[PDB]
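Following the entry's author numbering, the numbering of the sequence shown begins with 3 at its first residue and continues without gaps.
Heads up, the beta-carbon is just placed ideally off N, CA and C, and yes, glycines get one too.
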Amino acid sequence: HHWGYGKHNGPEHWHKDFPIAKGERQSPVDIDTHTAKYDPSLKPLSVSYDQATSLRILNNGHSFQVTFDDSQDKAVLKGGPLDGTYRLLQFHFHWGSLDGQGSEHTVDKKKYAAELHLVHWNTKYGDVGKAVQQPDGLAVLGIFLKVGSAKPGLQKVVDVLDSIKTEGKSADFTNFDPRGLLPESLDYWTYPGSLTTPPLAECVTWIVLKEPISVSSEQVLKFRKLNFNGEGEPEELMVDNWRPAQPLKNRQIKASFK
Ligand SMILES: O=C1NS(=O)(=O)c2ccccc21
Ligand SMILES: [Zn+2]
Numbered sequence: 003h004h005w006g007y008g009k010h011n012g013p014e015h016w017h018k019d020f021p022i023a024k025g026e027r028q029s030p031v032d033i034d035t036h037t038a039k040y041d042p043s044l045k046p047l048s049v050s051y052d053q054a055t056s057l058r059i060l061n062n063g064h065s066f067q068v069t070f071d072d073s074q075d076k077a078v079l080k081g082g083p084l085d086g087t088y089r090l091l092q093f094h095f096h097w098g099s100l101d102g103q104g105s106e107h108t109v110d111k112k113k114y115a116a117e118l119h120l121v122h123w124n125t126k127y128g129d130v131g132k133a134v135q136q137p138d139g140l141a142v143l144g145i146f147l148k149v150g151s152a153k154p155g156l157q158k159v160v161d162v163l164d165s166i167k168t169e170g171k172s173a174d175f176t177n178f179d180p181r182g183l184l185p186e187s188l189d190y191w192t193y194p195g196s197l198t199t200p201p202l203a204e205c206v207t208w209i210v211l212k213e214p215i216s217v218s219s220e221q222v223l224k225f226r227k228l229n230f231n232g233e234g235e236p237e238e239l240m241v242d243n244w245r246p247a248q249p250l251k252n253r254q255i256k257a258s259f260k
């Protein structure tokens with residue numbers, strides 16, 4: 003039927019409705035650290051999030067997302083491998099049922115407990131619908147989560163998840179500052195890829211940060227209490243909403259750091 007992460011509608015099935023699933027620049031990938039190429043021409047990232055305006059938090063049946071006002075250049079990503087200005091639209095997570103899985107990208111086949119995606123779109127295309135039709139339309143900042151100490155900047159998100167437990171629920175979520183989710187270092191890997199969910203469009207420049215953030219076991223446990231199902235349907239816990247690594251094919255992963 004409609005796509006998801008179960009036995010009968012999971013990532014192995016998606017190609018029947020979205021044939022680009024078997025395409026040439028699909029994501030995620032496994033980032034072999036010994037094969038990645040250091041590119042000294044790569045610039046530092048510029049992350050300008052001080053004027054970010056968060057709007058809502060929503061359970062969309064596949065993850066939960068926080069949306070931002072992208073009507074002007076308030077929260078933007080520039081630099082790195084990018085040409086031009088990319089506006090922050092939303093962030094969301096992918097996570098596991100157990101601490102040793104949940105990330106989409108892997109590093110030397112190591113999985114992390116979760117992965118944060120900050121989705122941005124290229125303002126030269128005017129709106130995000132147009133941007134997803136272009137090979138340089140989106141830039142996604144990917145951040146790994148490991149279980150350790152708590153991340154205080156994540157706690158405002160954890161505490162509202164009760165209010166959006168089931169598919170289709172949303173809540174007001176204003177004045178959230180996404181700078182509290184960033185690691186110390188902005189060293190990164192980058193490669194050309196795709197959305198990791200349908201429609202799997204090949205429109206993404208991936209920027210995957212080397213340094214994970216730490217979250218506590220209690221914080222991640224709250225992800226795992228969300229539901230895939232709508233209210234009044236049989237309860238299915240929202241866990242393991244990650245797509246496995248795809249073949250690299252004719253791509254090179256570049257590193258900003260030696
Ligand atoms: O689920 C997703 N992972 S992603 O960052 O590739 C992305 C981009 C746009 C819409 C959804 C999604
Ligand atoms: Zn994602």
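Closer than 7 Å: residue i CB and nearest ligand 2 heavy atom
| i | result |
| --- | --- |
| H3 | no |
Residue i classed as buried or exposed, judged by whether at least 16 other C-beta atoms fall within 10 angstroms
| i | result |
| --- | --- |
| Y193 | buried |
| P180 | buried |
| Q92 | buried |
| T35 | exposed |
| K18 | exposed |
| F259 | exposed |
| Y190 | buried |
| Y40 | exposed |
| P30 | buried |
| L223 | exposed |
| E169 | buried |
| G6 | buried |
| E213 | exposed |
| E238 | exposed |
| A133 | buried |
| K45 | exposed |
Residue i CB to nearest heavy atom of ligand 1 below 7 Å
| i | result |
| --- | --- |
| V121 | yes |
| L140 | yes |
| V206 | yes |
| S65 | yes |
Paired residues, beta bridge with residue i - DSSP
| i | result |
| --- | --- |
| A257 | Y40 and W191 |
| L147 | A116 and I215 |
| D32 | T108 |
| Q248 | For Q248, which the question treats as bridged, DSSP gives no partner whatsoever. |
| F66 | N61 |
| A141 | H122 and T207 |
| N243 | The partner list for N243 (beta bridge, DSSP) is empty, contrary to what the question assumes. |
Kindly provide the chain-ordered list of residues whose Cβ lies closer than 6 Å to any non-hydrogen atom of ligand 2. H94, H96, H119 and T198
Would you mind listing the beta strand (DSSP E) stretches within the stretch 72-119 that are 3+ residues and don't spill past its ends, in chain order? 78-81 and 88-97
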